[PDB]
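Protein chains in written order, with UniProt numbering: chain L, 2 to 57, 65 to 260; chain R, 2 to 59, 64 to 262; chain G, 4 to 54; chain P, 3 to 54.
Where a beta carbon is used, it is the ideal one built from N, C-alpha and C, also for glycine.
Let me begin by presenting the structure, written as structure tokens, before commenting on it.
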Amino acid sequence: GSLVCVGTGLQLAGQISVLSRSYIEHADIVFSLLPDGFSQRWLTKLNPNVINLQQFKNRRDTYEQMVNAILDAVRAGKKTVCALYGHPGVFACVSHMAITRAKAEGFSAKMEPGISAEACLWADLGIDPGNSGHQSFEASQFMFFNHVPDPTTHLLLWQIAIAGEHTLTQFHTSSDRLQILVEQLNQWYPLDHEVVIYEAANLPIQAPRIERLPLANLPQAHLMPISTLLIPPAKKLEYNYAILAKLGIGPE
Amino acid sequence: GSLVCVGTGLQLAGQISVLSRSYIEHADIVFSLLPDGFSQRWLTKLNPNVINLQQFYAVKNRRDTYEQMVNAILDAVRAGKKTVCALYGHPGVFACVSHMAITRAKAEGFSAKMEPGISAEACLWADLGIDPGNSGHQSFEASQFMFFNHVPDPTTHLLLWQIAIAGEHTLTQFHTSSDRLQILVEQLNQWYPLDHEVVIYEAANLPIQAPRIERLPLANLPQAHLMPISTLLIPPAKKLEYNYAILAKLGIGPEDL
Amino acid sequence: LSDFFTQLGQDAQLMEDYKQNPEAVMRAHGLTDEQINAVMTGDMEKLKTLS
Amino acid sequence: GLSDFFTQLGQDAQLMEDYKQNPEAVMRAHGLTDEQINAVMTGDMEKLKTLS
Ligand SMILES: [Zn+2]
């Protein structure tokens with residue numbers, strides 16, 4: 002048995018690497034975890050032997073039954089291939105878990121890179137991150153932990169739709185959660201600061217969503233699972249005189 | 002006609018979108034800018050009508070070479086040719102030519118888009134098996150991280166790109182690579198100990214070739230042999246700490262999430 | 004319908020032909036006006052039934 | 003010849019798996035010289051650009 006986790010991307014059918022697609026064709030069994038059903042049908046016509054994991065209660069126990077099911081196949085000695093949405097190693101626990109436990113059982117397990125929502129964002133917004141630089145955080149993690157963003161460079165917040173996802177103790181709406189985030193970002197960015205709600209197109213007949221709005225209107229915004237918030241810089245660059253001095257450049 | 006830039010990823014042949022590959026197949030003309038010749042042949046067999054843009058290079066300033074590269078592409082678009090540009094990795098990440106060609110194409114009113122592809126970063130995550138959404142992720146251009154003020158969050162993975170030419174300027178040439186690197190080490194020492202393990206990464210081109218993954222202490226960085234595509238990965242130095250403040254509002258504790 | 008979105012997402016030729024003449028190309032595969040309308044309108048939700 | 007191989011290896015998952023199981027045999031079945039197989043197996047990339 003063996004495990005190989007591949008990514009389909011955001012677009013349908015067309016946004017998967019030639020190789021990753023080959024893995025699905027030659028897989029003895031495939032474990033799908035895609036959003037829409039158009040993607041689900043496609044996969045099937047790509048390989049008849051497909052086990053949908055959506056069939057599988066806390067997320068702790070859901071992924072435990074998922075991983076367990078994937079392994080069973082690998083333990084039986086079937087060349088297993090796990091097809092996930094976008095990139096199989098980006099905001100994806102099932103893969104890292106499965107690979108980890110397969111490595112722990114001596115089985116061969118790896119992961120092929122695919123196109124993440126971020127890779128799409130750069131193209132759709134004609135942004136080159138290489139020159140500009142960027143930062144990425146899971147919205148929730150950015151709330152529950154101490155993350156100090158650099159407001160001179162782009163800031164992406166993934167899974168902004170489920171930001172503040174936690175166990176129930178008090179009654180808060182999503183807008184209440186988003187309002188807290190807005191307050192927390194206010195430590196660096198003003199309320200009138202323009203942000204962008206990006207949503208990668210799934211279907212080739214659909215265009216990506218690129219809504220701009222002040223940070224203050226985020227709570228009211230209607231968000232989606234795959235929604236990501238882009239927070240462009242709000243502070244100007246400054247010379248790093250310290251390091252410039254060392255390099256040989258000072259007042260010049 | 003139209004312009005469409007596509008990325009071939011890093012790996013040869015197999016690390017490209019099914020659609021992007023289709024574009025190269027059903028295109029009147031194709032302008033290429035790929036690394037090795039194995040990749041150049043691959044493209045040829047995929048479409049015989051290929052113009053290699055490596056020829057526009059040298064003595065000439067880069068912005069001049071690009072000017073020509075870009076003009077050559079528009080010449081095809083203006084001519085009414087369904088043009089496709091085949092770039093390495095992601096056609097938008099570290100790609101002045103694509104953005105220039107697309108911007109200028111759009112200006113003249115030509116239909117022009119950019120299809121996303123697999124970047125070196127996309128590979129870095131899979132190769133090392135690191136999930137950026139785990140502890141976060143920060144990317145900077147080394148030189149830009151040295152020239153300008155960028156305070157990194159040492160709870161996240163920090164990526165410094167183009168580490169080979171880190172600090173390269175006309176007024177810094179009197180320094181050797183080892184020197185500039187040393188200066189970068191002194192800077193990072195502010196957040197990262199000298200013993201901290203860092204990783205130099207380079208994605209593979211050929212399927213029989215492996216990605217460079219050299220683990221070493223930050224201190225031995227100045228000695229390390231770097232490559233133009235080389236990138237530095239500084240893993241976290243501190244474990245994330247809860248925002249007990251924000252946890253207070255939602256009325257939960259660390260044990261509830 | 005599903006086959007069309009699949010071909011349209013993979014085939015760069017069909018991709019372009021679509022932008023040349025959306026409606027006509029969708030006929031060429033065989034979609035009703037109600038669908039073509041939902042595609043042209045922009046109601047993704049609409050397509051939750053023609054599927 | 004050698005170029006056709008690398009191209010196939012990069013895009014076929016089956017062939018990719020086979021290679022990593024039995025590099026030599028697989029290369030032999032695609033008619034590579036013993037020198038090519040060697041260069042590949044020693045990872046001498048300069049000598050492949052020699053034998054192209
Ligand atoms: Zn990133």
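Proximity winner among the options, relative to residue i (alpha-carbon distances)
i: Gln56 (chain L); options: L:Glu120, L:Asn48 and L:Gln73; result: L:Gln73
i: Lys243 (chain R); options: R:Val89, R:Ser3, R:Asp261 and R:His201; result: R:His201
i: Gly172 (chain R); options: R:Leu211, R:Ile107 and R:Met151; result: R:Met151
i: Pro159 (chain L); options: L:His180, L:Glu260, L:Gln195 and L:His230; result: L:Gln195
i: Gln16 (chain P); options: L:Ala28, L:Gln167, L:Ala209 and L:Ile257; result: L:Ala28
i: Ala208 (chain L); options: L:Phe179, L:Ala125 and L:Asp37; result: L:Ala125
i: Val98 (chain R); options: L:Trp130, L:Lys86 and L:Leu79; result: L:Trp130
i: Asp136 (chain L); options: R:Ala110, R:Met105 and R:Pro36; result: R:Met105
i: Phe32 (chain L); options: L:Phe153, L:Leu92 and L:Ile17; result: L:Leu92
i: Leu255 (chain R); options: L:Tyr24, L:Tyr197, L:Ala110 and L:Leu186; result: L:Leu186
i: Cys101 (chain R); options: R:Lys87, R:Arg68, R:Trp166 and R:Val64; result: R:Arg68
i: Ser23 (chain L); options: R:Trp166, R:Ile17, R:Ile188 and R:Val190; result: R:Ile17
i: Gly8 (chain L); options: R:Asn53, R:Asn66, R:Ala127 and R:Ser103; result: R:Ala127
i: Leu238 (chain R); options: R:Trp166, R:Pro36, R:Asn53 and R:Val51; result: R:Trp166
i: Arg109 (chain R); options: R:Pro96, R:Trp43, R:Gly134 and R:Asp80; result: R:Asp80
i: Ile168 (chain L); options: L:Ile30, L:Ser182 and L:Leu221; result: L:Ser182
i: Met232 (chain R); options: R:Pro212, R:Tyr249, R:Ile205 and R:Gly138; result: R:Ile205
Any non-hydrogen atom of ligand 1 closer than 7 Å to residue i Cβ
i: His142 (chain L); result: yes
i: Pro96 (chain L); result: no
i: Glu146 (chain R); result: no
i: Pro121 (chain L); result: no
i: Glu126 (chain R); result: yes
i: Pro137 (chain R); result: yes
Test: residue i CB closer than 8 Å to a CB of chain R
i: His155 (chain L); result: yes
i: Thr44 (chain P); result: no
i: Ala15 (chain G); result: yes
i: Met74 (chain L); result: no
i: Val98 (chain L); result: yes
Check: residue i C-beta below 7 Å from any heavy atom of ligand 3
i: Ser103 (chain L); result: For ligand 3, the structure offers nothing, since it holds only ligand 1.
CB contact below 8 Å: residue i versus chain G
i: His180 (chain R); result: no
i: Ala171 (chain L); result: no
i: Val31 (chain R); result: no
i: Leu20 (chain R); result: yes
i: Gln12 (chain L); result: yes
i: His230 (chain R); result: no
i: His201 (chain R); result: no
i: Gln214 (chain L); result: yes
Residue-level contact to chain L via CB, residue i, 8 Å cutoff
i: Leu11 (chain G); result: yes
i: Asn194 (chain R); result: no
Inter-residue spacing [alpha-carbon to alpha-carbon] between residue i and residue j
i: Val5 (chain R); j: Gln149 (chain R); result: 30 Å
i: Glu26 (chain G); j: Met43 (chain P); result: 55 Å
i: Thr177 (chain R); j: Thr161 (chain L); result: 25 Å
i: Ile39 (chain P); j: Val203 (chain L); result: 55 Å
i: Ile170 (chain R); j: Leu223 (chain L); result: 37 Å
i: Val82 (chain L); j: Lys22 (chain P); result: 18 Å
i: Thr70 (chain L); j: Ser3 (chain L); result: 22 Å
i: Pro240 (chain R); j: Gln41 (chain L); result: 36 Å
i: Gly85 (chain R); j: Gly94 (chain L); result: 34 Å
i: residue 60 (chain R); j: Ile107 (chain R); result: Regarding the residue in question, residue 60 (chain R) is not represented: chain R runs 59 and then 64, omitting everything in between.
i: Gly38 (chain R); j: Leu20 (chain L); result: 20 Å
i: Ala77 (chain R); j: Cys90 (chain L); result: 43 Å
i: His142 (chain L); j: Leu163 (chain L); result: 6 Å
i: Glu146 (chain L); j: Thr35 (chain G); result: 42 Å
i: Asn210 (chain R); j: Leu47 (chain L); result: 27 Å
i: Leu13 (chain L); j: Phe115 (chain R); result: 26 Å
i: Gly258 (chain R); j: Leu252 (chain R); result: 6 Å
i: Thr45 (chain R); j: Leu11 (chain G); result: 25 Å
i: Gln228 (chain L); j: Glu48 (chain P); result: 60 Å
Closer than 8 Å to chain P by CB, residue i
i: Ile78 (chain R); result: no
i: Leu211 (chain R); result: yes
i: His27 (chain L); result: yes
Proximity test, Cβ basis, 8 Å: residue i and chain C
i: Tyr24 (chain L); result: Reference to chain C is not applicable here, since the protein chains of this structure are L, R, G and P.
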